[PDB]
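So the chains spell out like this:
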Amino acid sequence: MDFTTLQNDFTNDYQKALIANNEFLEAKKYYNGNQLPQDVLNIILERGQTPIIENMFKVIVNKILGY
Amino acid sequence: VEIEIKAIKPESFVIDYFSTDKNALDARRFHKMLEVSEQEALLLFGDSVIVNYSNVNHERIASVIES
């Protein structure tokens, strides 16, 4: 009802829901093409290779959402 | 008057060890180990009896076994 318990309960709720929000943001990044990690991208780009990303589960989600 | 229905998580549910059959019909006791918040414990029974709370982050939850 004042700022103290609002800040403390927001901290307790945000810290215990960070491990799921991080996975949510990972899932939204994987849905939007960002599927390779940074070190894998560096390993691919150091060989002069173009990184090809097969977004094979975007069409799955698009099929279920199209239903 | 309404008949609420709730499925209980089976890991927080202890049956009498003497019951051998399915459907637990010859059981003499059922225990359920519940987490209860502070104000729900105040609504569940009044402040005249002493409650052994926890201090897990800031909220004073309590572990109550209902038998």
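Residues numbered from 1 in each chain as written, not as in the entry; some residues may be left out. Chains lettered and ligands numbered in written order. Part of a larger assembly, values for the part shown. Heavy atoms only, no water.

Visitor: So what exactly am I meant to see when it comes to the overall build of chain B here?
Guide: Within chain B, the secondary structure is distributed over one helix and three strands. The helix and strand sequence of chain B, counted from the amino end, reads β-β-α-β. Against the 2.2 N^0.38 benchmark of 11 Å for 67 residues, chain B shows a C-alpha radius of gyration of 15 Å, more extended than a compact globule. Projected onto the principal axes, the alpha-carbon positions of chain B cover approximately 45 × 30 × 20 Å. Within the span of chain B, comprising 67 residues, buried residues form 13% of the whole. Within chain B, residue pairs in contact and separated by at least 24 positions form 33% of the contacts whose partners lie at least 6 positions apart. Per element, the accessible surface of chain B, about 6200 Å² overall, is 58% carbon and sulfur. Between the mean site of the 7 positive side-chain charges and the mean site of the 12 negative ones, chain B shows a separation of 6 Å. (Helix = DSSP H or I, 4+ residues; strand = E, 2+ residues; numbered from the N terminus. Rg over C-alpha atoms; globule rule 2.2 N^0.38 Å. Buried < 20%, exposed > 50% of the residue type's maximum accessible area, 1.4 Å probe, protein only. Contact = heavy atoms within 4.5 Å. Areas by Shrake-Rupley, 256 points an atom, 1.4 Å probe, with all protein chains shown as cover. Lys, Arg positive; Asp, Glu negative; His and termini not counted. Charge placed at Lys NZ, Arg CZ, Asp CG, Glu CD.)

Visitor: So what exactly am I meant to see when it comes to a nonpolar patch on the surface here?
Guide: Residues and elements named next belong to chain A. Nonpolar side chains collect at one region of the surface, where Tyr30, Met56, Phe57, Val59, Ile60 and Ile64 lie side by side and expose about 550 Å² of accessible area between them. When residues of the nonpolar patch are assigned to their parent elements, the largest contribution, three residues, is made by helix α4 (residues 58-66). One can find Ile64 in helix α4. (Patch = residues over 30% accessible without salt bridge, like charges linked within 9 Å, V, L, I, M, F, W, Y side chains within 5 Å. Salt bridge = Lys/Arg side-chain N within 4 Å of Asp/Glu carboxyl O.)

Visitor: Would you explain the pattern of salt bridges in this entry?
Guide: Any two side chains of opposite charge can pair, so long as their charged atoms come close to each other. Residue and element names in this part refer to chain B. Summed over all chains, the structure comprises five salt bridges over all chains. One salt bridge connects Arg29 with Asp16, and the closest N-O pair in it is separated by 2.9 Å. Pair noted here: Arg29 is in the loop between β1 (14-15) and β2 (30-36) and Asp16 is in the loop between β1 and β2, with a separation of 13 residues, a long-range link. Residue classification places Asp16 among the buried positions, given a relative accessible area of 3%.

Visitor: Would you explain the layout of surface pockets in this entry?
Guide: Unfilled space is identified by rolling a water-sized probe across the atoms. Volume-wise, the largest pocket comes out at about 190 Å³. For the lining of the largest pocket, the per-class residue count stands at four nonpolar, one polar and four charged. (1 Å grid on protein atoms, 1.4 Å probe; cavity = no way out; pocket = protein on both sides within 12 Å on 5 of 7 lines; lining within 4 Å. Points joined across faces, edges and corners; volume = space filled by probe spheres on them. Nonpolar A, V, L, I, M, F, W, Y, C, P; charged D, E, K, R; others polar.)

Visitor: Before we go on, may I ask you to explain the sheet that holds β2 of chain B in this structure?
Guide: Strand pairing in a sheet is mediated by backbone hydrogen bonds. Such pairs are either parallel or antiparallel. Strand order in the open sheet formed by three strands is β1-β2-β3 (chain B), and the pairing between neighbours is antiparallel. Looking at the sheet topology across the chains shown, the edges are occupied by β1 and β3 (62-66) of chain B. (Pairing = 2+ DSSP bridges.)

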